[PDB]
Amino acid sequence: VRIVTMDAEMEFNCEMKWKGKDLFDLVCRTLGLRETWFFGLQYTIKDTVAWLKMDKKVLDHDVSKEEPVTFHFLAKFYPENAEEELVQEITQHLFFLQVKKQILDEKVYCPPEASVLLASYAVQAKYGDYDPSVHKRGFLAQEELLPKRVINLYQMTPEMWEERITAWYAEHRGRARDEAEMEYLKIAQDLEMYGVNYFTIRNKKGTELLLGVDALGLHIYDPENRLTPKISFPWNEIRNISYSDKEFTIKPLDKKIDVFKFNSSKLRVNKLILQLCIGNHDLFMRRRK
């Protein structure tokens, strides 16, 4: 099999009767990764993300049998406080890279000023301390430091943008690569779209809405706004989630608030939702134990 991480690529000889937990543990041991609960192995079926089941046969999955057979090692779940919950430099680094990619690809909205500060920590992490003798005008010119949306919002040239980033970069002197990547994560985790799984749903009337699923609970959004939910259901505020046919129903732990019901058509998606729900709830509770 071919295992693709954010920064690296592995090749593995897999035994035909091995299970997800075997291949996962193999990748985890190879990386030196002891906090395994955040991660998973991803392939996508028909435009939909899917994850490798631990207790099921590897080749039983819908993954393309055509060689090489390819899975992406990625964080499935996100901590509530990155600095507090990510102990190993390896786990931190994995999150840093994946999150930074989400932000650059505009999977996670970041506003312009924050995006410049984020870019500056990424530069600190890669190049170490700012050195005007080492780093002169044009030194970032081939890097992609900013979302295109931020760049397009202004008339600024690459050197104008380099100047804004370098101005911030200069002030980070003294922070080690891991500390810089963690400062990046502290900012990114406060972004509103950070760590949220979005799914198109519809309510009883048939109004198209968005279901978010994250570490803190469940959220309903107007399709146009992914930043602020119209409704939130914190994990410790919900009695049960129910699924049958194409429908979900959310029953609040307080009987005096209406249950929320919605329709989700695609079946593969619905499993993902339940998976994500169970996973996120589990992690929510264990932080509070």
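Residues carry their position along the shown sequence, with the first being 1.
For the pair 277-285 and 18-26, the mean Cα B-factor is higher in 18-26. Comparing the deposited coordinates for 54-62 and 223-231, the stretch with the larger average C-alpha B-factor is 54-62. Remark: residue 160 belongs to the middle third of its chain, ranked by C-alpha B-factor as recorded. Annotation for residue 207: CA B-factor lies in the highest third of the chain's modelled residues. Ranked against the other modelled residues of its chain, the C-alpha B-factor of residue 73 as given in the entry falls in the middle third.
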